[PDB]
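Reviewing the structure listed below.
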Protein chains: 2
Amino acid sequence: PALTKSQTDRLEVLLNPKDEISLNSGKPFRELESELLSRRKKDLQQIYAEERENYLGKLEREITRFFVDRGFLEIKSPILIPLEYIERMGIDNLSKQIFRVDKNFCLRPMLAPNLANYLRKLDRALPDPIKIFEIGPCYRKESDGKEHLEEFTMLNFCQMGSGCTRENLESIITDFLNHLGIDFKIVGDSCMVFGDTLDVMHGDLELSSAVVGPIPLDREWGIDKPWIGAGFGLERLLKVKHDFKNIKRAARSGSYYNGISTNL
Amino acid sequence: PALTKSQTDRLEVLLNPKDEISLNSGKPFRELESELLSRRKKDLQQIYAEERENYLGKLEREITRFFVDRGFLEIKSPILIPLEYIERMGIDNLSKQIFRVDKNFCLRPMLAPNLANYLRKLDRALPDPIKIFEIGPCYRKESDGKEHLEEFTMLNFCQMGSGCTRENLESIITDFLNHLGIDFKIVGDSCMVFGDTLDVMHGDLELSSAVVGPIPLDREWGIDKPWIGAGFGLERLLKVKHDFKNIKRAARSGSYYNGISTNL
Ligand SMILES: Nc1ncnc2c1ncn2[C@@H]1O[C@H](COP(=O)(O)OP(=O)(O)OP(=O)(O)O)[C@@H](O)[C@H]1O
Ligand SMILES: Nc1ncnc2c1ncn2[C@@H]1O[C@H](COP(=O)(O)OP(=O)(O)OP(=O)(O)O)[C@@H](O)[C@H]1O
Ligand SMILES: N[C@@H](CCCCNC(=O)OCc1cccc(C2(C(F)(F)F)N=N2)c1)C(=O)O
Ligand SMILES: N[C@@H](CCCCNC(=O)OCc1cccc(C2(C(F)(F)F)N=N2)c1)C(=O)O
Ligand SMILES: [K+]
Ligand SMILES: [K+]
Ligand SMILES: [K+]
Ligand SMILES: [K+]
Ligand SMILES: [Mg+2]
Ligand SMILES: [Mg+2]
Ligand SMILES: [Mg+2]
Ligand SMILES: [Mg+2]
Ligand SMILES: [Mg+2]
Ligand SMILES: [Mg+2]
């Protein structure tokens, strides 16, 4: 017997990367589903008995320790931000990806503007160099695929003052991804907000865009020193680490817990 | 000389609870401001040199460890949720406090609906009792005062199955607030979504509303066992712990770092 599209979709929801199970072996849907339901219940029971930590929360904590231990100040800034920040970042009417809230506010699509404000303010009080980072939710309307979510989690680390060179930026990226055990390469790209970026790639998957300033946009933000920064998506890091086929396995979700279907 | 309203506001921004400084001692604004700027720069330099952790992030991590160690599964669910969830929770046209996003979605004003979904789903896979919790951003339009933010951080812990009694709920609340070192009392209140609540009070400040189910609303969420739950605002816990006069000191903000003005 042949499996319908609905049946294959249900098996794919229940399948995890570690399984070696052929969905098209000729065994009936009922037995494949029962086998995978049993495996997934066992997997969830093991998490509940022994770990209980959410992958996105746990990775945020691990990243936070890494940066705090390297001298970066942990930031938690607003997720709801002025729409004016979008304009001031050169996102001239990504502008179509912005979730608007009421009349003058939006959900932040990136962490950079709030971090630029912090760099400027902290430079009046703290010794050179200024090193800060933030992890938290960001939002973009996307044509949904296997690497994009509408609600995702960004890390951005940045530095202003001395030591803001391409080689230091690459060294921090390298130490960071070595800490996570993720192989990568650096390629040149370009984007509208920052211009040239160093994109951090795992295969064809973009883990990060990174920037060596100064750039002309700095004047609009009161930034007047050299700086470096990089933004990473946590769900993409999780996709690599766990070999997920689709990024939704990694997302904030009611449908998966640590990559395991919650429809059991 | 007398201080203007603008001058007093600036001094109040720079003043911290540990200071014993009279703003109305007759000393000129220039010297009071210079003294408090020096204290606040020193305080921020000490954080940067020795701790580097954000109060809201650090308290989320501490709470997460407390609940994970007590057998609760850590949840991270969507912040952008269907507007339909608002209706299904009996928030009939708090309904005025909802931030709408596009046409069918909103920013969650509480964690309860996503947690109700998780309790129902996990009960099909996990042993009794089901114990889960979430910490994260929630949003309400408020008439701004010293205890309300539009963007705040909720903890909700809940349990379904055995052990879902008033005395167990009170015992968890007690162990939790004892862990944080916060004195409290429990008073009866009532709200529209859940009916009678046990409100957890520190003086006149509401730290939490808590509920012993079942309640008639359960049927609309597929909940069909006894349950207990409580929601706490992290910024209110921080306000108590640090003796902040205004909750904005505790909030996600570009204007304060760990209660210290960033306008230095
Ligand atoms: N919609 C999304 N879902 C998940 N992660 C994202 C999304 N958009 C961006 N990111 C992550 O945030 C990082 C920094 O954001 P950036 O603006 O460079 O993304 P981007 O170049 O638009 O990504 P892409 O080209 O894949 O759309 C990205 O490298 C990626 O890891
Ligand atoms: N706007 C807000 N800002 C900060 N914390 C809040 C806010 N609204 C609710 N909380 C926190 O979330 C907890 C659970 O939410 P709940 O719906 O019980 O609040 P509430 O009863 O409306 O609070 P209040 O009566 O103070 O407005 C509250 O006890 C409080 O600690
Ligand atoms: N945000 C990217 C990822 C690369 C991150 C680079 N930005 C960053 O590191 O934050 C610090 C920052 C410092 C100094 C000036 C600026 C700035 C402004 F205004 F744009 F924020 N140029 N003036 C920003 C993405 O998601 O497209
Ligand atoms: N949310 C409160 C704080 C008190 C938290 C009580 N709720 C909670 O603990 O979550 C678990 C939950 C379990 C079982 C059913 C439900 C539910 C529904 F649909 F409302 F979610 N009643 N069916 C919820 C506030 O912020 O007003
Ligand atoms: K597989
Ligand atoms: K999501
Ligand atoms: K004081
Ligand atoms: K805020
Ligand atoms: Mg993109
Ligand atoms: Mg790109
Ligand atoms: Mg990019
Ligand atoms: Mg209220
Ligand atoms: Mg109340
Ligand atoms: Mg209440």
Side-chain angles (χ1 to χ4, degrees), chain A residues 54-57 79 91 94-99 107 109-110 112 136-154 189-194 197 199 201 204-209 231-236 238-239 246-257 259 262, chain B residues 75-82 85 94 97 101 105-114 117-118 134 136-138 140 142-143 145 147-149 152 154 186-211 230-233 236:
Chain A
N54 175 267
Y55 277 174
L56 200 42
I79 300 160
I91 306 183
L94 176 52
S95 188
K96 288 67 54 199
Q97 300 183 284
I98 303 299
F99 284 98
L107 299 173
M110 62 185 68
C138 290
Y139 294 85
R140 296 180 189 190
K141 297 177 186 172
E142 304 273 4
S143 315
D144 292 302
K146 301 176 303 313
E147 305 167 7
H148 287 89
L149 298 162
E150 302 215 305
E151 171 176 55
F152 66 99
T153 310
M154 189 80 85
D189 214 322
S190 80
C191 81
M192 97 184 78
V193 175
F194 300 110
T197 58
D199 268 25
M201 305 298 299
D204 297 332
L205 182 68
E206 174 190 338
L207 301 182
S208 171
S209 284
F232 281 80
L234 271 67
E235 292 86 0
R236 289 188 179 179
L238 286 171
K239 183 180 196 299
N246 195 307
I247 195 168
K248 41 149 183 70
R249 295 268 175 148
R252 282 176 183 271
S253 174
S255 293
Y256 297 88
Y257 189 85
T262 57
Chain B
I75 304 297
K76 293 289 183 193
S77 71
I79 300 160
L80 199 46
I81 63 164
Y85 282 14
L94 176 52
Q97 300 183 284
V101 179
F105 284 82
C106 64
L107 299 173
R108 66 190 179 184
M110 62 185 68
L111 301 178
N114 293 344
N117 284 334
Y118 259 104
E134 181 166 0
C138 290
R140 296 180 189 190
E142 304 273 4
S143 315
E147 305 167 7
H148 287 89
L149 298 162
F152 66 99
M154 189 80 85
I186 291 180
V187 311
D189 214 322
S190 80
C191 81
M192 97 184 78
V193 175
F194 300 110
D196 292 340
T197 58
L198 302 179
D199 268 25
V200 179
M201 305 298 299
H202 180 85
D204 297 332
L205 182 68
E206 174 190 338
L207 301 182
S208 171
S209 284
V211 181
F232 281 80
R236 289 188 179 179

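Throughout, protein chains are lettered first and strands after them, A, B, ... in sequence-line order, and every chain is numbered starting at 1. Heavy-atom basis, side chains included; hydrogens, waters and symmetry copies ignored. In each ligand, atom 1 is the first atom listed, and ligand 1 is the first ligand listed.
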Only protein N/O/S atoms count here: give how many lie under 3.4 Å from the K ion (ligand 6).
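Of the protein's nitrogen, oxygen and sulfur atoms, 2 lie under 3.4 Å from the K ion (ligand 6).
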
Spell out the protein N/O/S atoms under 2.8 Å from the Mg ion (ligand 13) as residue plus atom name.
B:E206 OE1

Say whether, by atom type as modelled, one donor and one acceptor occur between the side chain of [X] and the main chain of [Y] under 3.5 angstrom.
X	Y	answer
A:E206	A:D199	no
A:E235	A:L149	no
B:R140	B:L94	no

Does B:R236 have any salt bridge (charged side-chain N to carboxylate O under 4.0 Å, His left out) partners at least two apart in sequence or in another chain, and if so, which?
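Partners of B:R236 by the salt bridge (charged side-chain N to carboxylate O under 4.0 Å, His left out) criterion come out as none, since no residue qualifies.
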
Any donor-acceptor N or O pair under 3.5 Å, side chains B:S190, B:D196
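No.
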
Which heavy atom of B:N114 sits nearest a heavy atom of B:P78, and at what distance?
ND2-O, 2.9 Å

Residues passing the side-chain contact (heavy atoms from CB on, under 4.5 Å) test with B:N117, sequence neighbours excluded, are B:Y85, B:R120, B:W221

Please round to the nearest 0.5 Å and tell me the distance separating atom CD of B:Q97 and atom SG of B:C106.
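If we round to the nearest 0.5 Å, B:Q97:CD and B:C106:SG are 12.5 Å apart.
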
Can you tell me how far the CG atom of A:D144 sits from the CG atom of A:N246, to the nearest 0.5 Å?
9.0 Å

